[PDB]
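A quick write-up on the structure given underneath.
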Amino acid sequence: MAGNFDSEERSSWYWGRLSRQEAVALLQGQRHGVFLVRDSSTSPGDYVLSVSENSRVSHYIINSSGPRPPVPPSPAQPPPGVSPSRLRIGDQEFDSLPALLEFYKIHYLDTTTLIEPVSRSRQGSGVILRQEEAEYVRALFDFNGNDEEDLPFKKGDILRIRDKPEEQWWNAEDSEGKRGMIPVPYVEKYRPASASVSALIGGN
């Protein structure tokens, strides 16, 4: 998780509209009590709630007004300024659409109740991609090589820690281009730059 960003949360229930078949296609793929929302394929300016009921997934047309701007951008677009309830679905009334999914969770739409957002996949993770620096170390030992995983480098070779599994061996690219283990407990932080014409190069 990341926190509070979208009062309606797009990656949760409202992705970016499509055809009931599409929503359905994914909906059924999730938990039986899963339901997502789509765009009013019938109405020009309205929302639609989709719900995997029984074997398929039915839709519920929502009616939105829009009293205030939706997104920060947009040069100028004067809003209505009258629609009180603004958003509503079925034969009842609610403040907004996002809020609707939070109340009907136990009110029962037309036969089925709302439980959680479909969420087919994707999530704010980013797999914490560091990639901090890279080329800034000069090996201090020569070795022909025995294992494909071990980085065979020659004394004075400026490698780049391609990763750092543990403090007892890291990953780095050698003058040849291959990677492997490197001296994490003792390496030469040697600023490489002056030739770039390959002096010798002889690994495999």
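Numbering starts fresh at 1 for the residues of each chain in the structure tokens, the chains themselves are lettered A, B, ... in the order given, and ligands are numbered from 1 as they appear.
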Give me, as an mmCIF file with C-alpha atoms, in the first residue's frame, all polymer residues having an atom no more than 7 Å from residue 182 (chain A), counting only C-alpha atoms and skipping those fewer than 2 positions away in the same chain.
```cif
data_model
loop_
_atom_site.group_PDB
_atom_site.id
_atom_site.type_symbol
_atom_site.label_atom_id
_atom_site.label_comp_id
_atom_site.auth_asym_id
_atom_site.auth_seq_id
_atom_site.Cartn_x
_atom_site.Cartn_y
_atom_site.Cartn_z
ATOM 1 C CA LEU A 151 33.095 -12.816 -11.934
ATOM 2 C CA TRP A 169 29.846 -11.070 -2.150
ATOM 3 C CA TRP A 170 28.150 -8.783 -4.653
ATOM 4 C CA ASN A 171 27.407 -8.681 -8.374
ATOM 5 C CA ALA A 172 29.548 -6.762 -10.869
ATOM 6 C CA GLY A 180 29.475 -12.428 -11.040
ATOM 7 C CA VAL A 184 32.545 -6.488 -1.443
#
```
Exercise for review: Extract, using only C-alpha atoms, all DNA, RNA and protein residues at most 7 Å from region 158-162 of chain A, discarding same-chain residues fewer than 5 positions from it, and format them as a PyMOL selection string.
Suggested key: chain A and resi 134-139+170-175+192
Go ahead and save the residues from that selection, with N, CA, C and O atoms, as a short mmCIF file (atom, residue, chain, number, x, y, z; two decimals), in the first residue's frame.
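And here is the file that came out, part_6.cif:
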```cif
data_model
loop_
_atom_site.label_atom_id
_atom_site.label_comp_id
_atom_site.auth_asym_id
_atom_site.auth_seq_id
_atom_site.Cartn_x
_atom_site.Cartn_y
_atom_site.Cartn_z
N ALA A 134 27.13 2.63 -10.06
CA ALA A 134 27.41 1.36 -10.73
C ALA A 134 28.90 1.13 -10.95
O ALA A 134 29.51 0.31 -10.29
N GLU A 135 29.46 1.86 -11.90
CA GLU A 135 30.87 1.73 -12.23
C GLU A 135 31.70 2.64 -11.34
O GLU A 135 31.71 3.85 -11.52
N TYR A 136 32.38 2.05 -10.36
CA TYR A 136 33.17 2.84 -9.44
C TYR A 136 34.06 1.99 -8.54
O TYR A 136 34.41 2.41 -7.44
N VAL A 137 34.43 0.80 -9.00
CA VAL A 137 35.29 -0.07 -8.21
C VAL A 137 36.29 -0.84 -9.06
O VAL A 137 35.96 -1.32 -10.14
N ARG A 138 37.50 -0.92 -8.55
CA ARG A 138 38.58 -1.60 -9.24
C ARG A 138 39.04 -2.84 -8.48
O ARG A 138 39.64 -2.75 -7.42
N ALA A 139 38.77 -4.00 -9.07
CA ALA A 139 39.15 -5.27 -8.48
C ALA A 139 40.59 -5.22 -7.94
O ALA A 139 41.39 -4.41 -8.39
N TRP A 170 29.11 -9.57 -3.89
CA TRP A 170 28.15 -8.78 -4.65
C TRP A 170 28.14 -9.20 -6.12
O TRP A 170 28.73 -10.21 -6.48
N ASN A 171 27.48 -8.41 -6.94
CA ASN A 171 27.41 -8.68 -8.37
C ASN A 171 28.03 -7.52 -9.13
O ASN A 171 27.75 -6.37 -8.84
N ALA A 172 28.90 -7.82 -10.10
CA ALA A 172 29.55 -6.76 -10.87
C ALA A 172 29.95 -7.23 -12.26
O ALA A 172 30.22 -8.40 -12.47
N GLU A 173 30.00 -6.28 -13.19
CA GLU A 173 30.39 -6.59 -14.56
C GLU A 173 31.90 -6.45 -14.71
O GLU A 173 32.50 -5.51 -14.19
N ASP A 174 32.51 -7.39 -15.43
CA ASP A 174 33.95 -7.37 -15.64
C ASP A 174 34.31 -6.79 -17.01
O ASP A 174 33.45 -6.66 -17.89
N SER A 175 35.57 -6.42 -17.17
CA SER A 175 36.08 -5.83 -18.40
C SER A 175 35.59 -6.55 -19.66
O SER A 175 35.51 -5.95 -20.73
N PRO A 192 36.93 5.62 -12.89
CA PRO A 192 37.36 5.21 -14.23
C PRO A 192 36.93 6.16 -15.33
O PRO A 192 35.74 6.45 -15.50
#
```
Review point. What residues in region 81-165 of chain A get the DSSP label strand (DSSP E or B)? Please answer as number ranges by chain.
Key: A: 88-89, 116-117, 135-138, 150, 158-165
Sorted by chain and rising residue number, which residues of region 44-81 of chain A lie within 7 Å of region 30-36 of chain A, and what are their closest atom pairs and distances in Å to one decimal, counting only C-alpha atoms, as a tab-separated table?
```
residue	atom	partner	partner_atom	distance
A:49	CA	A:36	CA	6.2
A:50	CA	A:36	CA	5.1
A:51	CA	A:35	CA	4.2
A:52	CA	A:35	CA	5.8
```
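Excluding region 93-96 of chain A and any residue on its chain fewer than 5 positions from it, the residues at most 12 Å away by only C-alpha atoms are residues 7, 8, 47, 62, 63, 64, 65, 66, 67, 68, 83, 84, 85, 86, 87, 88, 101, 102, 103 and 104 of chain A.
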Can I get the selected residues back with N, CA, C and O atoms, as a PDB file, in the first residue's frame?
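Saved to selection_28.pdb:
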```pdb
ATOM      1  N   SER A   7      -9.783   9.447  -3.735  1.00  0.00           N
ATOM      2  CA  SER A   7     -10.979   9.212  -2.929  1.00  0.00           C
ATOM      3  C   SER A   7     -11.798   8.056  -3.493  1.00  0.00           C
ATOM      4  O   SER A   7     -12.528   7.383  -2.765  1.00  0.00           O
ATOM      5  N   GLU A   8     -11.669   7.831  -4.797  1.00  0.00           N
ATOM      6  CA  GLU A   8     -12.392   6.753  -5.465  1.00  0.00           C
ATOM      7  C   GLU A   8     -11.461   5.588  -5.788  1.00  0.00           C
ATOM      8  O   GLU A   8     -11.912   4.464  -6.009  1.00  0.00           O
ATOM      9  N   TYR A  47     -22.040   7.071 -14.853  1.00  0.00           N
ATOM     10  CA  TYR A  47     -21.196   5.939 -14.486  1.00  0.00           C
ATOM     11  C   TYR A  47     -21.994   4.643 -14.454  1.00  0.00           C
ATOM     12  O   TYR A  47     -23.223   4.656 -14.510  1.00  0.00           O
ATOM     13  N   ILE A  62     -25.127   4.542 -12.779  1.00  0.00           N
ATOM     14  CA  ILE A  62     -25.045   5.585 -11.775  1.00  0.00           C
ATOM     15  C   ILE A  62     -25.221   6.933 -12.458  1.00  0.00           C
ATOM     16  O   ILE A  62     -24.858   7.088 -13.620  1.00  0.00           O
ATOM     17  N   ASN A  63     -25.785   7.903 -11.753  1.00  0.00           N
ATOM     18  CA  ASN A  63     -26.001   9.221 -12.343  1.00  0.00           C
ATOM     19  C   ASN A  63     -25.206  10.291 -11.618  1.00  0.00           C
ATOM     20  O   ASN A  63     -25.512  10.652 -10.483  1.00  0.00           O
ATOM     21  N   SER A  64     -24.174  10.785 -12.291  1.00  0.00           N
ATOM     22  CA  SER A  64     -23.305  11.812 -11.727  1.00  0.00           C
ATOM     23  C   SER A  64     -23.598  13.186 -12.312  1.00  0.00           C
ATOM     24  O   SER A  64     -23.966  13.315 -13.480  1.00  0.00           O
ATOM     25  N   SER A  65     -23.422  14.212 -11.488  1.00  0.00           N
ATOM     26  CA  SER A  65     -23.655  15.589 -11.910  1.00  0.00           C
ATOM     27  C   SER A  65     -22.332  16.320 -12.141  1.00  0.00           C
ATOM     28  O   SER A  65     -22.068  16.811 -13.238  1.00  0.00           O
ATOM     29  N   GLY A  66     -21.504  16.388 -11.100  1.00  0.00           N
ATOM     30  CA  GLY A  66     -20.220  17.057 -11.211  1.00  0.00           C
ATOM     31  C   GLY A  66     -20.297  18.533 -10.855  1.00  0.00           C
ATOM     32  O   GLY A  66     -20.329  19.384 -11.743  1.00  0.00           O
ATOM     33  N   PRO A  67     -20.342  18.866  -9.553  1.00  0.00           N
ATOM     34  CA  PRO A  67     -20.432  20.249  -9.082  1.00  0.00           C
ATOM     35  C   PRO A  67     -19.090  20.979  -9.106  1.00  0.00           C
ATOM     36  O   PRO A  67     -19.035  22.182  -9.359  1.00  0.00           O
ATOM     37  N   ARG A  68     -18.010  20.254  -8.828  1.00  0.00           N
ATOM     38  CA  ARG A  68     -16.677  20.851  -8.810  1.00  0.00           C
ATOM     39  C   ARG A  68     -15.738  20.154  -9.791  1.00  0.00           C
ATOM     40  O   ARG A  68     -15.978  19.016 -10.194  1.00  0.00           O
ATOM     41  N   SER A  83     -26.823  20.758  -8.945  1.00  0.00           N
ATOM     42  CA  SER A  83     -26.963  19.356  -8.573  1.00  0.00           C
ATOM     43  C   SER A  83     -26.528  19.125  -7.124  1.00  0.00           C
ATOM     44  O   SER A  83     -25.333  19.080  -6.828  1.00  0.00           O
ATOM     45  N   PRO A  84     -27.492  18.964  -6.198  1.00  0.00           N
ATOM     46  CA  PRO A  84     -27.188  18.728  -4.788  1.00  0.00           C
ATOM     47  C   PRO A  84     -26.559  17.353  -4.577  1.00  0.00           C
ATOM     48  O   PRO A  84     -25.351  17.244  -4.397  1.00  0.00           O
ATOM     49  N   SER A  85     -27.386  16.309  -4.573  1.00  0.00           N
ATOM     50  CA  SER A  85     -26.907  14.946  -4.367  1.00  0.00           C
ATOM     51  C   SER A  85     -25.817  14.573  -5.376  1.00  0.00           C
ATOM     52  O   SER A  85     -24.960  13.736  -5.095  1.00  0.00           O
ATOM     53  N   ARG A  86     -25.853  15.209  -6.543  1.00  0.00           N
ATOM     54  CA  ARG A  86     -24.869  14.967  -7.599  1.00  0.00           C
ATOM     55  C   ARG A  86     -24.895  13.524  -8.096  1.00  0.00           C
ATOM     56  O   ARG A  86     -25.344  13.250  -9.209  1.00  0.00           O
ATOM     57  N   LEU A  87     -24.373  12.609  -7.285  1.00  0.00           N
ATOM     58  CA  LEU A  87     -24.298  11.202  -7.665  1.00  0.00           C
ATOM     59  C   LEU A  87     -25.390  10.361  -7.017  1.00  0.00           C
ATOM     60  O   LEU A  87     -25.728  10.547  -5.849  1.00  0.00           O
ATOM     61  N   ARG A  88     -25.919   9.415  -7.787  1.00  0.00           N
ATOM     62  CA  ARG A  88     -26.954   8.514  -7.296  1.00  0.00           C
ATOM     63  C   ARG A  88     -27.038   7.251  -8.157  1.00  0.00           C
ATOM     64  O   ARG A  88     -26.736   7.278  -9.350  1.00  0.00           O
ATOM     65  N   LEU A 101     -19.956   2.736  -3.345  1.00  0.00           N
ATOM     66  CA  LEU A 101     -19.347   1.418  -3.196  1.00  0.00           C
ATOM     67  C   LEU A 101     -19.056   1.097  -1.734  1.00  0.00           C
ATOM     68  O   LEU A 101     -18.868  -0.065  -1.371  1.00  0.00           O
ATOM     69  N   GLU A 102     -18.993   2.129  -0.905  1.00  0.00           N
ATOM     70  CA  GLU A 102     -18.691   1.952   0.510  1.00  0.00           C
ATOM     71  C   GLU A 102     -19.940   1.690   1.351  1.00  0.00           C
ATOM     72  O   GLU A 102     -19.848   1.094   2.425  1.00  0.00           O
ATOM     73  N   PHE A 103     -21.106   2.124   0.879  1.00  0.00           N
ATOM     74  CA  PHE A 103     -22.348   1.915   1.619  1.00  0.00           C
ATOM     75  C   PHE A 103     -23.069   0.631   1.200  1.00  0.00           C
ATOM     76  O   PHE A 103     -23.497  -0.157   2.044  1.00  0.00           O
ATOM     77  N   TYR A 104     -23.234   0.450  -0.110  1.00  0.00           N
ATOM     78  CA  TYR A 104     -23.943  -0.711  -0.654  1.00  0.00           C
ATOM     79  C   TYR A 104     -23.244  -2.040  -0.350  1.00  0.00           C
ATOM     80  O   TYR A 104     -23.741  -3.101  -0.726  1.00  0.00           O
TER      81      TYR A 104
END
```
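In the backbone-derived DSSP annotation, alpha helix (DSSP H) within chain A comprises residues 20, 21, 22, 23, 24, 25, 26, 27, 97, 98, 99, 100, 101, 102 and 103 of chain A.
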Please save N, CA and C atoms of the selected residues as an mmCIF file, in the first residue's frame.
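What ended up in selection38.cif:
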```
data_model
loop_
_atom_site.group_PDB
_atom_site.id
_atom_site.type_symbol
_atom_site.label_atom_id
_atom_site.label_comp_id
_atom_site.auth_asym_id
_atom_site.auth_seq_id
_atom_site.Cartn_x
_atom_site.Cartn_y
_atom_site.Cartn_z
ATOM 1 N N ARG A 20 -18.863 -4.021 -20.953
ATOM 2 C CA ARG A 20 -19.299 -4.961 -19.917
ATOM 3 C C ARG A 20 -18.631 -6.326 -20.047
ATOM 4 N N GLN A 21 -18.426 -6.776 -21.279
ATOM 5 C CA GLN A 21 -17.795 -8.063 -21.515
ATOM 6 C C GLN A 21 -16.379 -8.061 -20.950
ATOM 7 N N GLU A 22 -15.682 -6.950 -21.160
ATOM 8 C CA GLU A 22 -14.328 -6.784 -20.670
ATOM 9 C C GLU A 22 -14.314 -6.849 -19.153
ATOM 10 N N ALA A 23 -15.056 -5.944 -18.526
ATOM 11 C CA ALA A 23 -15.160 -5.920 -17.075
ATOM 12 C C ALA A 23 -15.532 -7.307 -16.573
ATOM 13 N N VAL A 24 -16.571 -7.860 -17.180
ATOM 14 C CA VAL A 24 -17.049 -9.188 -16.838
ATOM 15 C C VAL A 24 -15.927 -10.197 -16.972
ATOM 16 N N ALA A 25 -15.251 -10.110 -18.100
ATOM 17 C CA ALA A 25 -14.148 -10.994 -18.414
ATOM 18 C C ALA A 25 -13.165 -11.074 -17.254
ATOM 19 N N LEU A 26 -12.804 -9.918 -16.703
ATOM 20 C CA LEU A 26 -11.887 -9.886 -15.578
ATOM 21 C C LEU A 26 -12.643 -10.170 -14.281
ATOM 22 N N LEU A 27 -13.794 -9.512 -14.096
ATOM 23 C CA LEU A 27 -14.596 -9.686 -12.884
ATOM 24 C C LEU A 27 -14.683 -11.155 -12.474
ATOM 25 N N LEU A 97 -20.298 8.898 -6.121
ATOM 26 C CA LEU A 97 -20.134 7.548 -6.628
ATOM 27 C C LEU A 97 -19.175 6.745 -5.757
ATOM 28 N N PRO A 98 -17.927 7.223 -5.568
ATOM 29 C CA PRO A 98 -16.947 6.526 -4.738
ATOM 30 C C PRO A 98 -17.554 6.099 -3.412
ATOM 31 N N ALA A 99 -18.321 7.001 -2.814
ATOM 32 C CA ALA A 99 -18.965 6.727 -1.544
ATOM 33 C C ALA A 99 -19.953 5.574 -1.662
ATOM 34 N N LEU A 100 -20.661 5.490 -2.791
ATOM 35 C CA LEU A 100 -21.650 4.444 -3.033
ATOM 36 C C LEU A 100 -21.113 3.038 -2.776
ATOM 37 N N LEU A 101 -19.956 2.736 -3.345
ATOM 38 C CA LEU A 101 -19.347 1.418 -3.196
ATOM 39 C C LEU A 101 -19.056 1.097 -1.734
ATOM 40 N N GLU A 102 -18.993 2.129 -0.905
ATOM 41 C CA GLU A 102 -18.691 1.952 0.510
ATOM 42 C C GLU A 102 -19.940 1.690 1.351
ATOM 43 N N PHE A 103 -21.106 2.124 0.879
ATOM 44 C CA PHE A 103 -22.348 1.915 1.619
ATOM 45 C C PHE A 103 -23.069 0.631 1.200
#
```
Check your understanding: Interatomic distance between CA of residue 108 (chain A) and CA of residue 48 (chain A)?
Key -> 16.0 Å
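Candidate residues A:29, A:154, A:188, A:5 were compared for distance to residue 200 (chain A), and the nearest is A:154, using only C-alpha atoms.
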Practice item. Would you please work out which residue, of A:164, A:143, A:109, A:133, is nearest to residue 191 (chain A) when using only C-alpha atoms? Key: A:133
